[PDB]
Amino acid sequence: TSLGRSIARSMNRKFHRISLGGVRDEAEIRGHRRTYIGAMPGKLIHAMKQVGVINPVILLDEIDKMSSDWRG
Amino acid sequence: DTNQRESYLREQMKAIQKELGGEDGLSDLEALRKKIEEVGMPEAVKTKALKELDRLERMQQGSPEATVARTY
Amino acid sequence: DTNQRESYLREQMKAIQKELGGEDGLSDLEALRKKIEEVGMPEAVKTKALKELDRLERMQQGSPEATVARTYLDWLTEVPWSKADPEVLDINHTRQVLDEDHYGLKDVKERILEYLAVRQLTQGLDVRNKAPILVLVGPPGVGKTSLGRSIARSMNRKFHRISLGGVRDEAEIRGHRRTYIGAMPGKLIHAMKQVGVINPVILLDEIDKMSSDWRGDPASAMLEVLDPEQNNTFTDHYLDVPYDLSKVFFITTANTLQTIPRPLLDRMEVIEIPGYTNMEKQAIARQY
Amino acid sequence: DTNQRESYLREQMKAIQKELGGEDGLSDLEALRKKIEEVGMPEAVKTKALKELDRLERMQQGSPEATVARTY
Amino acid sequence: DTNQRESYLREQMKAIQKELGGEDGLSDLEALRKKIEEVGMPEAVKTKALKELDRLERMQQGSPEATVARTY
Amino acid sequence: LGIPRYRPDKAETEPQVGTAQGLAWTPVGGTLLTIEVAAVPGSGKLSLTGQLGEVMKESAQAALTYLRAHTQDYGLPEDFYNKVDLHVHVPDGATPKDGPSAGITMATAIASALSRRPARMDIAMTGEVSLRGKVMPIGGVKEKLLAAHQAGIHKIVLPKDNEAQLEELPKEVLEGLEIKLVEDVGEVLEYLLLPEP
Amino acid sequence: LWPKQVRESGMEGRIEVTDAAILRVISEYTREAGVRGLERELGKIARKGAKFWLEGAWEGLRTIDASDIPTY
Ligand SMILES: Nc1ncnc2c1ncn2[C@@H]1O[C@H](COP(=O)(O)OP(=O)(O)OP(O)(O)=S)[C@@H](O)[C@H]1O
């Protein structure tokens, strides 16, 4: 956490440790499927909102035990 | 009667989420038109912002495609 | 009267479709329905395209069909039907191209020149189709993309690569049961989509690492595409009209000469590529 | 008002969708039938051919209800 | 009267599956049911048969409650 | 780069007593199945160790039949075979290439035990043994060759009887090699140990 | 087999074959107790014939000989 905070502030960027490990689908990562109900923002896009620029530093937290409900 | 009272009961849930419900997708509704101009001048993010500009305009609690456009 | 009737029908379904969906499913419905026409289509693909549009126009804002049928329309348009590059049937052009590709075990090259010396001769449509698949066998990391792409640029087609490291189902050689969202075709179809023709060349890598223990057996499903009269009749569970896939040149990297299936150990010529020598690899790096 | 207008416009787009789905799909089940009576089938064989003709008349563009009957 | 009562409700709901809803496999389970009630079986057979008739009348897509029940 | 993940050269890798360079052709890459056997006075029961299957055990007995024909080559008494219980580990004890292409390598591991003297490393062997103790031609010659030279191995052992395949080899490969050719199991096993007894 | 395999690999049969080689082919080049590997060796006849008659032709109308069996 403090590691990545020091990374982005060392690069004068905005660190956002985001919840990607333990997402039920590609739903906080790739966003839930469109044209209908059941969607939430991607945590990558949470961080991309949360940075103000074209060039951030973004954590992808605890990718060791990844699983997803989309067939993919 | 169980099915249709369930339907009208969640319809009153939507209506109280709309008239006296300030905490809804209408909470971020002003932030949307407030921040459409802070989307970037490159075509990649500008085009998707303008295509979500009209897809969002429906009801943010009951309409299916309006919630994914709202969150996106 | 009748042509104004049909014109009003088409324009009104288009208009009220755009007015109520998400700009026709994020502009994508009209994007694909005009991307149908810029691609040359077979007529069954036009009928199926309208069906994909139908399973999409029943709901472009409700059921997963609003997305899966939309992606199905994307698959039909993205894969360019009736589209072939003006390839070049040639031999010494290829000899000099495998000269500019670095040294090589070079035994392989005469098997290649052997095959293509047959592929200039005249029986049939282009050349009569009785040949092995010319299977590459060996390790990873040797030039099974290098000389593969070198042969690709030597005859001027669309190179790509599709590893097959343990596909469990026909559902990744076909599609999954495309009635739900999440159903997607195989990566083979992803590649064939990604190249801008009907008739590219290919590397098929890592077939000996495949695993099949369910009802859908991919080994049968890759008999369904390796055999030449079959890929023009092959269809996904995702797709419904077979793709014009039969005019193909096709090399294949397996990595075991044993665990590959015996109904695919026919029609093959053992191209033994082991590792290179020291000196070969040193100059490979040193000037490429 | 929002739900009734959503449902009624959903109703016409479903109905004229069924119109268009009937308009664009033709001359394939008739190919099945003229393949039935071109084959010198016995009476039990023909009445099972009629059985899977009645197993048609369902949704067919990507649906399992009658497409497997069509291939059958 | 009670067994015939549950049976009258049985062919009523089998009829409901018989006009529409995949036409009950053109009354596929009905042949099993009428063959249950025609051929004179023991009563443990008949009880498990009637409770499997209840266990029937479901989805028919490689499921344990209809296909192996048809075999059964 | 970083710390060298392997040795600088496979020209010297400490030639041990009982290391047998297994020139198999694995699925993913070409490996050196450096299998081991160690000699001990025992009971004669050939120990089926290290995941042996059907043809590996009889290949081992094929080795010991040839050794029993040729005990003087490997420092062996006349009745040593009734008092040795030899143990072995086979990484990929089930065969990757589904063949005893390391058959003479298994024989090498056995005799490299039974000499208690160095079977030299760094020069890697392949081939099938015979009941008459002969090196039978091996399908897929060049794969074993350049598996060895992929591991940088200069000197490769292959059947004499495949001198036929030797000329079809590319003329940019053997220049970094030398392929000493053997028709029987004796001379392959005699070369790859400098102190054969 | 030579009319078969020579006609099936694109070639008209423009170049021809003797039999004092084909006895050496079946004795020295396919030691199977069937005929399929003879068909394979005749495939490689067609292959090397197409090459050495197409990468530069020392003759235009040739015939393969038992003195050049290793050559072919
Ligand atoms: N022998 C070679 N000579 C020249 N370039 C080579 C050679 N081998 C590989 N390359 C180059 O390196 C790329 C890939 O290198 P490789 O290590 O061969 O990876 P790879 O071949 O794709 O792995 P395999 O062997 O195909 S499963 C090729 O696309 C070439 O650009």
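Only the coordinates and a few stated rules stand behind these numbers; no lab work does. Backbone-built Cβ (ideal geometry, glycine too); neighbour counts: all protein chains shown.
Helix G:36-52 and the longest principal axis of the C-alpha atoms of chain G enclose an angle of approximately 20°. Any idea which of F:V37, F:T26, F:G93 is furthest toward the positive side of the dipole for the range F:1-129, if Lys and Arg beta-carbons carry +1 and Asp and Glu beta-carbons -1? The one lying farthest along the dipole's positive direction is F:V37.
Partner shielding of D:18-27 amounts to 4, given as the average count of beta-carbon atoms from other chains within 10 Å of each residue beta-carbon.
Computed over chain C, the P(r) tail beyond 33 angstrom holds 34 percent of alpha carbon pairs.
Of the GluC sites (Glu not before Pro) found in the range C:1-54, not one falls in a DSSP loop while having at most 16 other beta-carbon atoms within 10 Å. Could you tell me whether the range F:31-176 comes out rounded, prolate or oblate from its Cα gyration tensor? Rule is a ≥ b ≥ c as square roots of the eigenvalues, rounded for a/c under 1.5, then prolate if a/b exceeds b/c, otherwise oblate. In terms of gyration-tensor shape, prolate. In order along the range C:105-121, the Karplus-derived 3J(HN,Hα) couplings, from 6.51 cos²θ - 1.76 cosθ + 1.60 at θ = phi - 60°, round to 4, 6, 5, 4, 5, 7, 5, 5, 5, 4, 4, 6, 5, 5, 6, 9, 6 Hz, and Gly and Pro are given as x. Modelled label-to-label distance, F:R132 and A:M66, 7 Å Cα→beta-carbon offset: nm? If labels sit at F:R132 and A:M66, their model points lie 6.0 nm apart. Placing unit charges on the Cβ atoms only, positive for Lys and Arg and negative for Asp and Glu, gives the range C:15-86 a dipole magnitude near 200 debye about its Cα centre. With only Cα atoms counted, chain B has Rg and Dmax values of 15.3, 54 Å. Here the range G:18-58 is treated as a sphere whose radius is the Kirkwood value from Cα pairs; by Stokes-Einstein at 25 °C and 0.890 mPa s it diffuses with a coefficient of 222 µm²/s.
Ellipticity at 222 nm from helices only: DSSP H runs of n ≥ 4 in chain C, each -39500 (n - 2.57), divided by the residue count, give -12500 deg cm²/dmol.
Which FRET efficiency value, to the nearest 0.05, is calculated for E:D54 and D:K18 with the Förster distance at 30 angstrom and r the Cβ-Cβ distance? For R0 = 30 Å, the calculated efficiency reads 0.30.
Under a 5 Å amide H cut-off, with hydrogens placed 1.01 Å from N, C:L204 pairs with C:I251, C:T252, C:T253 among residues at least 5 apart or on other chains. Over all other residues within a Cβ to Cβ distance under 14 Å of B:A66, the charged ones net out to 0, with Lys and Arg as +1 and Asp and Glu as -1. Each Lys and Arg adds +1 at its Cβ and each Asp and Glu adds -1 at its Cβ; summed about the Cα centre, the protein assembly as shown shows a dipole of about 1420 debye. Taken as Cα centroids, the range G:1-31 and the range C:215-252 sit 32 Å apart, rounded to the nearest whole angstrom. With no solvent and one equal point scatterer per Cα, compute the Debye intensity ratio I(q)/I(0) for the protein assembly as shown at 0.06, 0.09, 0.10 Å⁻¹ and report its log10, rounded to two decimals. After summing over all Cα pairs, the log10 values are -0.63, -1.14, -1.24.
From the square roots a ≥ b ≥ c of the eigenvalues of the alpha-carbon gyration tensor of the range C:208-248, which class results: rounded (a/c under 1.5), prolate (a/b over b/c), or oblate? Here the range C:208-248 falls in the oblate category. Residues in the range E:23-39 carry Karplus couplings, in order, of 6, 6, x, 6, 6, 5, 6, 5, 4, 4, 5, 5, 6, 4, 7, 9, 7 Hz; the curve used is 6.51 cos²θ - 1.76 cosθ + 1.60 with θ = phi - 60°, and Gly or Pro positions show x. The range C:22-86 has equivalent-ellipsoid semi-axes of 22, 11, 9 Å, by the square roots of 5 times the alpha carbon gyration tensor eigenvalues, sorted largest first. Once backbone amide H atoms are built at 1.01 Å from N, F:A38 has F:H87 as its partners under 5 Å, excluding neighbours fewer than 5 places away on the same chain.
Charged side chains reduced to their Cβ positions (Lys and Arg at +1, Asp and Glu at -1) give chain E a dipole of some 200 debye around its Cα centre.
Calculated from DSSP H runs of 4 or more alone, at -39500 (n - 2.57) each and per residue, what is the 222 nm mean residue ellipticity of chain F, nearest 500? If you can, show how the numbers build up before the last one.
Details: 5 runs with 50 residues, N = 197.
After summing the helix terms and dividing by residue count, I get -7500 deg cm²/dmol.
Across the range C:1-159 the C-alpha pair distances fall into 10 Å bins from zero in the proportions 9, 25, 20, 16, 17, 11, 2, 0 percent. Positive-end ranking of A:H16, A:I54, A:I37 along the dipole of chain A, with charges on Cβ about the Cα centre, is headed by A:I54.
Checking the table A:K49/B:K48; C:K14/D:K18; C:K209/F:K97; A:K14/A:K43; C:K130/G:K44; D:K51/E:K46 against a 19 Å threshold on Cα-Cα, which pairs fail? With Cα atoms farther than 19 Å apart: D:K51/E:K46. Whole-Hz Karplus values for the range D:51-65 come out as 4, 8, 6, 6, 6, 8, 6, 9, 7, 9, 6, x, 9, x, 6 Hz, taken residue by residue from phi with 6.51 cos²θ - 1.76 cosθ + 1.60 and θ = phi - 60°; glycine and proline positions read x. Centroid-to-centroid, using Cα positions, the range C:168-197 and the range C:90-131 are 31 Å apart. When shorter helices are ignored and each DSSP H run of at least 4 residues is given -39500 (n - 2.57), the per-residue value for chain E at 222 nm works out to -22500 deg cm²/dmol.
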